[PDB]
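Okay, protein33.cif is below, mmCIF, C-alpha atoms and all ligand atoms:
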data_protein
#
loop_
_atom_site.label_atom_id
_atom_site.label_comp_id
_atom_site.auth_asym_id
_atom_site.auth_seq_id
_atom_site.Cartn_x
_atom_site.Cartn_y
_atom_site.Cartn_z
CA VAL A 3 -30.45 -2.47 0.95
CA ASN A 4 -27.37 -3.77 -0.94
CA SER A 5 -25.97 -7.28 -1.61
CA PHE A 6 -23.20 -7.54 1.03
CA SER A 7 -23.74 -10.52 3.39
CA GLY A 8 -22.48 -11.55 6.82
CA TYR A 9 -20.83 -8.23 7.64
CA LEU A 10 -20.42 -7.35 11.32
CA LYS A 11 -21.54 -3.76 11.99
CA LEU A 12 -18.66 -1.85 13.64
CA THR A 13 -20.01 1.73 13.39
CA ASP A 14 -22.71 3.81 11.67
CA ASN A 15 -20.87 3.54 8.35
CA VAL A 16 -18.21 0.78 8.78
CA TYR A 17 -18.87 -2.99 8.38
CA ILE A 18 -16.34 -5.84 8.55
CA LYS A 19 -16.01 -9.47 7.41
CA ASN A 20 -13.25 -12.09 7.42
CA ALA A 21 -12.86 -12.64 3.67
CA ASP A 22 -10.29 -12.49 0.89
CA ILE A 23 -11.24 -9.23 -0.90
CA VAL A 24 -10.77 -10.95 -4.32
CA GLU A 25 -13.28 -13.72 -3.52
CA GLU A 26 -15.82 -11.23 -2.10
CA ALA A 27 -15.60 -9.05 -5.23
CA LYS A 28 -16.14 -12.03 -7.57
CA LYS A 29 -19.27 -13.02 -5.60
CA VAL A 30 -20.78 -9.54 -4.94
CA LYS A 31 -19.57 -7.61 -8.03
CA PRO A 32 -19.85 -4.28 -6.14
CA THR A 33 -20.00 -0.86 -7.77
CA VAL A 34 -16.52 -0.03 -6.36
CA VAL A 35 -13.72 -2.30 -5.19
CA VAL A 36 -10.67 -0.59 -3.66
CA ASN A 37 -7.21 -1.73 -4.66
CA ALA A 38 -4.21 -1.30 -2.37
CA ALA A 39 -2.17 0.33 -5.11
CA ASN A 40 1.31 1.80 -5.35
CA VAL A 41 2.05 5.02 -7.25
CA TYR A 42 3.19 3.07 -10.34
CA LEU A 43 0.08 0.85 -10.40
CA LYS A 44 2.45 -2.13 -10.46
CA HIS A 45 0.21 -4.96 -9.18
CA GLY A 46 2.70 -7.80 -8.66
CA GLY A 47 1.81 -8.93 -5.14
CA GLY A 48 -0.46 -8.40 -2.14
CA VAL A 49 -4.06 -7.23 -2.66
CA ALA A 50 -3.11 -5.64 -6.00
CA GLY A 51 -1.50 -8.81 -7.33
CA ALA A 52 -4.38 -10.95 -6.12
CA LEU A 53 -6.96 -8.61 -7.69
CA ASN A 54 -4.89 -8.28 -10.85
CA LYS A 55 -4.44 -12.08 -11.10
CA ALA A 56 -8.21 -12.52 -10.88
CA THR A 57 -8.59 -10.17 -13.90
CA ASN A 58 -6.20 -12.34 -15.96
CA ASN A 59 -3.76 -9.33 -15.97
CA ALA A 60 -6.29 -7.00 -17.65
CA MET A 61 -6.03 -4.67 -14.64
CA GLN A 62 -2.26 -4.38 -15.21
CA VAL A 63 -2.67 -3.71 -18.95
CA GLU A 64 -5.18 -0.94 -18.28
CA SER A 65 -2.96 0.45 -15.49
CA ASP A 66 0.16 0.60 -17.66
CA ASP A 67 -1.77 2.63 -20.27
CA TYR A 68 -2.97 4.97 -17.48
CA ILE A 69 0.58 5.56 -16.19
CA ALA A 70 2.00 6.03 -19.70
CA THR A 71 -0.57 8.83 -20.22
CA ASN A 72 -0.75 10.43 -16.74
CA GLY A 73 2.40 9.53 -14.83
CA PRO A 74 2.45 8.14 -11.30
CA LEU A 75 -0.11 8.75 -8.60
CA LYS A 76 0.72 10.57 -5.36
CA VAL A 77 1.05 8.70 -2.08
CA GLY A 78 -2.36 9.41 -0.53
CA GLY A 79 -3.93 9.72 -3.98
CA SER A 80 -6.18 7.59 -6.16
CA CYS A 81 -7.59 7.01 -9.60
CA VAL A 82 -10.74 5.30 -10.87
CA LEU A 83 -10.28 2.59 -13.50
CA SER A 84 -12.35 -0.39 -14.67
CA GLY A 85 -13.35 -3.08 -12.20
CA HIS A 86 -13.07 -5.73 -14.97
CA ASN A 87 -14.78 -8.98 -13.83
CA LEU A 88 -14.69 -7.98 -10.14
CA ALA A 89 -16.69 -4.69 -9.94
CA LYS A 90 -18.04 -1.86 -12.03
CA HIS A 91 -15.06 0.30 -11.00
CA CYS A 92 -11.76 -0.14 -9.22
CA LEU A 93 -10.63 2.73 -7.02
CA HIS A 94 -6.84 2.40 -6.89
CA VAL A 95 -5.78 4.06 -3.62
CA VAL A 96 -2.14 4.58 -2.54
CA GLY A 97 -1.65 4.30 1.19
CA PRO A 98 1.82 5.02 2.59
CA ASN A 99 4.21 2.08 2.51
CA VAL A 100 5.96 2.16 5.92
CA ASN A 101 8.59 -0.29 4.59
CA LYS A 102 9.62 2.40 2.02
CA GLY A 103 9.81 5.27 4.57
CA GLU A 104 6.52 6.95 3.54
CA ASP A 105 4.76 9.24 6.05
CA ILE A 106 2.03 7.37 8.00
CA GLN A 107 0.18 10.71 8.33
CA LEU A 108 -0.74 10.23 4.64
CA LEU A 109 -3.03 7.34 5.62
CA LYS A 110 -5.85 9.78 6.43
CA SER A 111 -5.46 11.46 3.01
CA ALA A 112 -5.62 8.01 1.38
CA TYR A 113 -8.89 7.15 3.15
CA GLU A 114 -10.41 10.53 2.16
CA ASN A 115 -10.58 9.21 -1.42
CA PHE A 116 -13.28 6.78 -0.24
CA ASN A 117 -15.62 9.72 0.47
CA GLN A 118 -16.08 10.28 -3.28
CA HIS A 119 -18.02 6.97 -3.51
CA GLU A 120 -21.31 6.13 -1.76
CA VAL A 121 -20.50 2.44 -1.17
CA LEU A 122 -17.18 0.56 -1.41
CA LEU A 123 -15.71 -2.89 -0.85
CA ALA A 124 -12.25 -2.29 0.56
CA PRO A 125 -9.27 -3.71 2.46
CA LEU A 126 -7.58 -1.84 5.34
CA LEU A 127 -5.20 0.68 3.76
CA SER A 128 -1.46 0.26 4.46
CA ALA A 129 -1.98 -3.28 5.82
CA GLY A 130 -0.17 -6.41 4.63
CA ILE A 131 3.13 -5.64 2.87
CA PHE A 132 2.61 -1.85 3.31
CA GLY A 133 3.82 -2.43 6.89
CA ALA A 134 1.34 -0.38 8.93
CA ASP A 135 -0.48 -1.81 11.98
CA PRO A 136 -4.02 -2.80 10.86
CA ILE A 137 -5.50 -1.63 14.17
CA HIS A 138 -4.33 1.92 13.42
CA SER A 139 -5.58 1.67 9.84
CA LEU A 140 -9.06 0.66 11.05
CA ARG A 141 -9.13 3.60 13.48
CA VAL A 142 -8.21 6.05 10.70
CA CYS A 143 -10.81 4.45 8.42
CA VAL A 144 -13.59 4.85 11.01
CA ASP A 145 -12.53 8.44 11.80
CA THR A 146 -12.17 9.53 8.14
CA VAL A 147 -14.61 7.69 5.87
CA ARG A 148 -18.21 8.93 5.96
CA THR A 149 -19.56 6.82 3.08
CA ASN A 150 -20.52 3.14 3.44
CA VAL A 151 -17.43 0.93 3.56
CA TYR A 152 -17.44 -2.89 3.61
CA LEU A 153 -14.07 -4.10 4.91
CA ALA A 154 -12.91 -7.56 3.82
CA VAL A 155 -10.04 -8.59 6.15
CA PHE A 156 -8.16 -11.70 4.84
CA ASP A 157 -6.71 -13.05 8.14
CA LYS A 158 -9.24 -14.66 10.53
CA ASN A 159 -6.95 -14.06 13.52
CA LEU A 160 -6.34 -10.44 12.49
CA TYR A 161 -10.08 -10.01 11.94
CA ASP A 162 -10.87 -11.32 15.43
CA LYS A 163 -8.26 -9.01 16.96
CA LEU A 164 -9.58 -6.01 14.99
CA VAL A 165 -13.12 -6.57 16.31
CA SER A 166 -12.15 -7.44 19.89
CA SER A 167 -9.89 -4.40 20.30
CA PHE A 168 -12.20 -1.92 18.52
CA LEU A 169 -13.13 1.16 20.58
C1 LIG B 1 -4.55 -14.39 -2.64
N1 LIG B 1 -5.40 -13.31 -2.19
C2 LIG B 1 -4.79 -12.28 -1.42
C3 LIG B 1 -5.51 -11.35 -0.69
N2 LIG B 1 -4.90 -10.42 0.02
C4 LIG B 1 -3.59 -10.40 -0.01
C5 LIG B 1 -2.82 -9.39 0.80
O1 LIG B 1 -1.70 -9.08 0.57
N3 LIG B 1 -3.43 -8.86 1.97
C6 LIG B 1 -2.93 -7.93 2.99
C7 LIG B 1 -3.97 -8.50 3.88
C8 LIG B 1 -4.85 -7.65 4.75
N4 LIG B 1 -4.89 -7.65 6.08
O2 LIG B 1 -5.79 -6.74 6.41
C9 LIG B 1 -6.29 -6.19 5.32
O3 LIG B 1 -7.26 -5.21 5.32
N5 LIG B 1 -5.71 -6.74 4.26
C10 LIG B 1 -4.72 -8.98 2.69
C11 LIG B 1 -2.86 -11.31 -0.76
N6 LIG B 1 -3.48 -12.24 -1.44
#
Take the structure in this file and express it as structure tokens.
Ligand SMILES: CNc1cnc(C(=O)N2CC(c3noc(O)n3)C2)cn1
Amino acid sequence: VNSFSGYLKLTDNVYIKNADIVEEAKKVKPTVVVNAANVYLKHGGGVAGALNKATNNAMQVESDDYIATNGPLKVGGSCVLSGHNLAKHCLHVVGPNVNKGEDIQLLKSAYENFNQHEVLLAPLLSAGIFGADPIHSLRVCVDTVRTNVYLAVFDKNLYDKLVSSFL
């Protein structure tokens, strides 16, 4: 028994809620929040910018030090950094950005990073400004992640469509 509330059970291990992931993290303070990162950990907009803004830019400062030491992530890859005021840890995961010509087949590799963590609060990877169809992202999530994932989907209309069309 954990502290997530009002999630709709989609599968054995996937739950879903209409919520802004930033607001959910501030309330729950989960062990792991997933960021929709890019390989440079440049969190200017989207989920990353919203999460980073909620940390008063401390996420960006930590991220810049990480990149200066380690270089960029791979598309499909991840790193674990601090969760600041939002979580114990932030798992920065790079889904493919369709708008940049990245291979959608890398979405499954991106979701595999979630399996290293027992429980996560997460958005749908490659959604929003990453340009993939959320319905596909949810299918890959369900078919790839075996650990307990709590999906916070910002758009109420997208949320309703995700649930209603779920197989
Ligand atoms: C001000 N707070 C926020 C929160 N989120 C975003 C964002 O860019 N997105 C992409 C959206 C999404 N649709 O589905 C899934 O899983 N995520 C959520 C921006 N600002």
Quiz item: If you measure from CA of residue 134 in chain A to CA of residue 106 in chain A, what distance in Å do you get, rounded to one decimal?
Solution: 7.8 Å
Practice problem: Pick out the residues sitting within 8 Å of range 53-61 of chain A, and hand them over as a count of residues only; count all atoms listed in the file, and ignore anything fewer than 2 positions along from it in its own chain. | Solution: 15
Exercise. Residues within 9 Å of ligand LIG 1 (chain B), counting only C-alpha atoms and all ligand atoms: report them as an MDAnalysis selection string.
Key: chainID A and resid 21:25 38 47:53 55 124:132 136 139:140 153:157 160:161
As lines of an AutoDock Vina configuration file, what would the box around range 58-69 of chain A look like: edges along x, y and z, 5 Å added on every side, centre and edge lengths in Å to one decimal?
center_x = -2.9
center_y = -3.4
center_z = -17.5
size_x = 16.9
size_y = 27.9
size_z = 15.6
Quiz prompt | Interatomic distance, CA of residue 120 in chain A to CA of residue 4 in chain A (Å, one decimal) | solution =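 Spanning CA of residue 120 in chain A to CA of residue 4 in chain A is a straight-line distance of 11.6 Å.
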Give me, as a Markdown table, each residue of range 44-161 of chain A that comes within 6 Å of range 14-17 of chain A, together with its shortest interatomic pair and the distance in Å at one decimal, counting all atoms listed in the file, with rows ordered by chain and rising residue number.
| residue | atom | partner | partner_atom | distance |
| --- | --- | --- | --- | --- |
| A:150 | CA | A:15 | CA | 4.9 |
| A:151 | CA | A:16 | CA | 5.3 |
| A:152 | CA | A:17 | CA | 5.0 |
Exercise. Extract, using all atoms listed in the file, all DNA, RNA and protein residues at most 8 Å from range 73-80 of chain A, discarding same-chain residues fewer than 4 positions from it, and format them as number ranges by chain.
Key: A: 40-43, 68-69, 93-98, 108-113, 115
N, CA and C atoms are needed for range 133-157 of chain A; please write them out as a PDB file, in the coordinates of the input.
ATOM      1  N   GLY A 133       3.111  -2.490   5.621  1.00  0.00           N
ATOM      2  CA  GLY A 133       3.820  -2.430   6.890  1.00  0.00           C
ATOM      3  C   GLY A 133       3.192  -1.593   7.985  1.00  0.00           C
ATOM      4  N   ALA A 134       1.981  -1.053   7.808  1.00  0.00           N
ATOM      5  CA  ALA A 134       1.340  -0.380   8.930  1.00  0.00           C
ATOM      6  C   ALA A 134       0.543  -1.359   9.804  1.00  0.00           C
ATOM      7  N   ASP A 135       0.287  -0.962  11.050  1.00  0.00           N
ATOM      8  CA  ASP A 135      -0.480  -1.810  11.980  1.00  0.00           C
ATOM      9  C   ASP A 135      -1.958  -1.718  11.605  1.00  0.00           C
ATOM     10  N   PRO A 136      -2.601  -2.833  11.241  1.00  0.00           N
ATOM     11  CA  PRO A 136      -4.020  -2.800  10.860  1.00  0.00           C
ATOM     12  C   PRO A 136      -4.915  -2.108  11.863  1.00  0.00           C
ATOM     13  N   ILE A 137      -4.616  -2.223  13.159  1.00  0.00           N
ATOM     14  CA  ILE A 137      -5.500  -1.630  14.170  1.00  0.00           C
ATOM     15  C   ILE A 137      -5.545  -0.118  13.998  1.00  0.00           C
ATOM     16  N   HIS A 138      -4.386   0.492  13.741  1.00  0.00           N
ATOM     17  CA  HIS A 138      -4.330   1.920  13.420  1.00  0.00           C
ATOM     18  C   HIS A 138      -5.081   2.237  12.137  1.00  0.00           C
ATOM     19  N   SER A 139      -4.887   1.423  11.099  1.00  0.00           N
ATOM     20  CA  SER A 139      -5.580   1.670   9.840  1.00  0.00           C
ATOM     21  C   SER A 139      -7.095   1.648  10.024  1.00  0.00           C
ATOM     22  N   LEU A 140      -7.613   0.706  10.817  1.00  0.00           N
ATOM     23  CA  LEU A 140      -9.060   0.660  11.050  1.00  0.00           C
ATOM     24  C   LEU A 140      -9.538   1.910  11.776  1.00  0.00           C
ATOM     25  N   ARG A 141      -8.748   2.399  12.737  1.00  0.00           N
ATOM     26  CA  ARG A 141      -9.130   3.600  13.480  1.00  0.00           C
ATOM     27  C   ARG A 141      -9.205   4.794  12.533  1.00  0.00           C
ATOM     28  N   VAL A 142      -8.203   4.943  11.663  1.00  0.00           N
ATOM     29  CA  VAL A 142      -8.210   6.050  10.700  1.00  0.00           C
ATOM     30  C   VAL A 142      -9.397   5.907   9.757  1.00  0.00           C
ATOM     31  N   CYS A 143      -9.666   4.682   9.293  1.00  0.00           N
ATOM     32  CA  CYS A 143     -10.810   4.450   8.420  1.00  0.00           C
ATOM     33  C   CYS A 143     -12.101   4.946   9.074  1.00  0.00           C
ATOM     34  N   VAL A 144     -12.355   4.504  10.306  1.00  0.00           N
ATOM     35  CA  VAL A 144     -13.590   4.850  11.010  1.00  0.00           C
ATOM     36  C   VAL A 144     -13.697   6.350  11.223  1.00  0.00           C
ATOM     37  N   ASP A 145     -12.570   7.004  11.499  1.00  0.00           N
ATOM     38  CA  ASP A 145     -12.530   8.440  11.800  1.00  0.00           C
ATOM     39  C   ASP A 145     -12.438   9.327  10.566  1.00  0.00           C
ATOM     40  N   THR A 146     -12.360   8.754   9.363  1.00  0.00           N
ATOM     41  CA  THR A 146     -12.170   9.530   8.140  1.00  0.00           C
ATOM     42  C   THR A 146     -13.263   9.292   7.110  1.00  0.00           C
ATOM     43  N   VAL A 147     -13.641   8.038   6.890  1.00  0.00           N
ATOM     44  CA  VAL A 147     -14.610   7.690   5.870  1.00  0.00           C
ATOM     45  C   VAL A 147     -16.016   7.912   6.409  1.00  0.00           C
ATOM     46  N   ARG A 148     -16.816   8.652   5.647  1.00  0.00           N
ATOM     47  CA  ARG A 148     -18.210   8.930   5.960  1.00  0.00           C
ATOM     48  C   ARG A 148     -19.190   8.167   5.089  1.00  0.00           C
ATOM     49  N   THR A 149     -18.736   7.635   3.954  1.00  0.00           N
ATOM     50  CA  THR A 149     -19.560   6.820   3.080  1.00  0.00           C
ATOM     51  C   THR A 149     -19.557   5.374   3.576  1.00  0.00           C
ATOM     52  N   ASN A 150     -20.342   4.506   2.934  1.00  0.00           N
ATOM     53  CA  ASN A 150     -20.520   3.140   3.440  1.00  0.00           C
ATOM     54  C   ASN A 150     -19.400   2.235   2.956  1.00  0.00           C
ATOM     55  N   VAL A 151     -18.602   1.738   3.886  1.00  0.00           N
ATOM     56  CA  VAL A 151     -17.430   0.930   3.560  1.00  0.00           C
ATOM     57  C   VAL A 151     -17.578  -0.465   4.148  1.00  0.00           C
ATOM     58  N   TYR A 152     -17.393  -1.466   3.285  1.00  0.00           N
ATOM     59  CA  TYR A 152     -17.440  -2.890   3.610  1.00  0.00           C
ATOM     60  C   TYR A 152     -16.013  -3.395   3.543  1.00  0.00           C
ATOM     61  N   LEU A 153     -15.454  -3.657   4.743  1.00  0.00           N
ATOM     62  CA  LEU A 153     -14.070  -4.100   4.910  1.00  0.00           C
ATOM     63  C   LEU A 153     -13.980  -5.616   4.879  1.00  0.00           C
ATOM     64  N   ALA A 154     -13.176  -6.133   3.957  1.00  0.00           N
ATOM     65  CA  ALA A 154     -12.910  -7.560   3.820  1.00  0.00           C
ATOM     66  C   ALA A 154     -11.480  -7.783   4.323  1.00  0.00           C
ATOM     67  N   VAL A 155     -11.346  -8.344   5.526  1.00  0.00           N
ATOM     68  CA  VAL A 155     -10.040  -8.590   6.150  1.00  0.00           C
ATOM     69  C   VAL A 155      -9.655 -10.076   5.989  1.00  0.00           C
ATOM     70  N   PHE A 156      -8.574 -10.337   5.235  1.00  0.00           N
ATOM     71  CA  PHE A 156      -8.160 -11.700   4.840  1.00  0.00           C
ATOM     72  C   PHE A 156      -7.928 -12.637   6.043  1.00  0.00           C
ATOM     73  N   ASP A 157      -7.145 -12.202   7.031  1.00  0.00           N
ATOM     74  CA  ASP A 157      -6.710 -13.050   8.140  1.00  0.00           C
ATOM     75  C   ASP A 157      -7.772 -13.170   9.230  1.00  0.00           C
TER      76      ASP A 157
END
